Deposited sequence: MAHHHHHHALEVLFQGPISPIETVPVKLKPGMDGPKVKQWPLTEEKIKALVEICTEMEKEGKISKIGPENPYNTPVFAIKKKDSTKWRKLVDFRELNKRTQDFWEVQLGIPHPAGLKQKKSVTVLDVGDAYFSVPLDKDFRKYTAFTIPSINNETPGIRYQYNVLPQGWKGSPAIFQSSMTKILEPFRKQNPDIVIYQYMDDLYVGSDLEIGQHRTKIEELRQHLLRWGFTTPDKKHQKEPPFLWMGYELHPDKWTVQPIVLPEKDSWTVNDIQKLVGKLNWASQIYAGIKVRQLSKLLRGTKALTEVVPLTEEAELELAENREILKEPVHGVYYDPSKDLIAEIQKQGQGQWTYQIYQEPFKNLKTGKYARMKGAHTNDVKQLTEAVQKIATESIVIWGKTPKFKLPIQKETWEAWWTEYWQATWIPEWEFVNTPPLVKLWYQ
């Protein structure tokens, strides 16, 4: 095999990200996994003269009770050259979101058969920590295409297509889209017979070397307005402040009629009858909120951004956009774990679900704006992560001025 020469972007150096503390069982899993990978030559032990590092941890899915090593190559990926400039990128198929069942398969092991450019391997270094710092950290670097590095699907592109071609040929109405280490496989087949074809694809790939999503069932949840028999001064201030905000998104939204219903300095609990004009103005605005917004189109050259608001009782609203107030999608995520009492677990799972929808729909994950303290998130989020990819995120503290999305 001959390696593909890979570079970082001009004027950029490799990642230098610290390893964070790991539990005893995550450390032991990584030691077992890395020891086996080292014997098989997929990784090599290195010293400290390699100045780069990338954090490593481990996840375990509930329906696959074996640990899965997870290297957080997000920084290395941002610094790696683009392969759309070196002509090795993947096209997203428009038909995947049209399927009634989408199964996620982890095909990361296929990368371990292709060696990595000798000059690039130093950028893939990671460090396994030690309980109570009994020893210094143990460092490895990759000799093959690493799981989680964006260069691996690009370099392995020709190989994976030759592997899938017979299956895609035999099942022309099944759509398979590769995103990093995952295959997203959708069909309109009956659910028990969808899983049968997933097993056939599983077996066909082993000839070389998840749970069902339903985009059919993802719905948009728009801006709704309350409906009552009687309305207070406070209700109309809450109503007008909401529509005023929504006039940044929708076209021709009016608050003069309702606004005046509030003239003078009135008590908040005073009941004000709706004038017929205002009532017309209301039902007018309710209709614009009902059917979607004109003139909003996906731009593949721009990043996706996702905002999330905690609404309470396991409910989480979210919006996906590229330019402010031009939401490509608004939705609501609902918890169902059974206990009802962990915000961080619910937000982490909400992040995975929203990012999963972005992969199915657009082919990439959005940069998240998380409504959580950075230190609260970083204390717990790895305990609930189940994806082989990790999206970009940042941390925001935005009080709800209006209960907009609920």
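Peer 1: Hey, which stretches of the deposited sequence didn't make it into the model?
Peer 2: Those parts of the chain that were deposited but carry no coordinates are 1-20, 230-246, 444.
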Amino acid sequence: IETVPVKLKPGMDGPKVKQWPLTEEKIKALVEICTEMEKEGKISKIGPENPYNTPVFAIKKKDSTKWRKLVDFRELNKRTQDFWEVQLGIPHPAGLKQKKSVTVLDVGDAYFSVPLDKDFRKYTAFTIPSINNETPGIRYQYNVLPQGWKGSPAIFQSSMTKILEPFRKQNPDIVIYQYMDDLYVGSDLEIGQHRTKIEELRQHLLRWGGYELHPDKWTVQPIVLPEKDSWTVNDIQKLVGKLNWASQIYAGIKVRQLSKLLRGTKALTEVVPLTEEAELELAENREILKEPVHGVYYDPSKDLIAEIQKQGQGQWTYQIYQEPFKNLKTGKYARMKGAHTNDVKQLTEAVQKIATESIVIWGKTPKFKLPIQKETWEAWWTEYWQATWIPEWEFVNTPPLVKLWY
From here on, numbers count along this sequence of modelled residues.
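Superpose the two forms; the largest set of C-alphas matching within 1.5 Å is the rigid core.
Peer 1: Please tell me which region, 73-81 or 210-218, has C-alphas lying farther from the displayed form on average in 8 other deposited structures of this protein, with superposition done on the core.
Peer 2: Per-stretch check in 8 other deposited structures of this protein: the more divergent one is 210-218.
Peer 1: Hey, after superposing on the core, which one moves around more in 8 other deposited structures of this protein, 332-340 or 316-324, CA-wise?
Peer 2: It is 332-340 that deviates more in 8 other deposited structures of this protein.
Peer 1: Looking at the deposited entry, does 394-402 or 20-28 carry the larger mean Cα B-factor?
Peer 2: It is 394-402.
Peer 1: Between 189-197 and 299-307, name whichever shows the higher mean Cα B factor according to the PDB entry.
Peer 2: Per the PDB record, 189-197.
Peer 1: Out of 128, 213, 280, 180, which one has a C-alpha B factor higher than all the others in the entry?
Peer 2: Highest CA B-factor of the listed options: 280.
Peer 1: Compare the CA B factors listed in the entry for 91, 153, 115, 137 and report the winner.
Peer 2: Checking the PDB record, the top C-alpha B-factor among 91, 153, 115, 137 is at 91.
Peer 1: Taking the values exactly as deposited, rank residue 357 by C-alpha B-factor within its chain and report the matching third: lowest, middle or highest.
Peer 2: According to the entry, residue 357 has a C-alpha B-factor in the chain's middle third.
Peer 1: Of the three thirds of its chain by CA temperature factor, lowest, middle or highest, which one includes residue 148?
Peer 2: Answer is lowest: the recorded C-alpha B-factor places it there.
Peer 1: Looking at the C-alpha B-factor of residue 342, is it in the lowest, middle or highest third of its chain?
Peer 2: Within its chain, residue 342 is a middle-third residue by C-alpha B-factor, going by the deposited values.
Peer 1: Among all modelled residues of this chain, ranked by Cα B factor, put residue 106 in the bottom, middle or top third, i.e. lowest, middle or highest.
Peer 2: Its C-alpha B-factor, which the entry lists for residue 106, ranks in the middle third among residues of this chain.
Peer 1: Pull the Cα B-factor of residue 72 out of the PDB entry and bin it into the chain's lowest, middle or highest third.
Peer 2: For residue 72, the deposited C-alpha B-factor lands in the lowest third.
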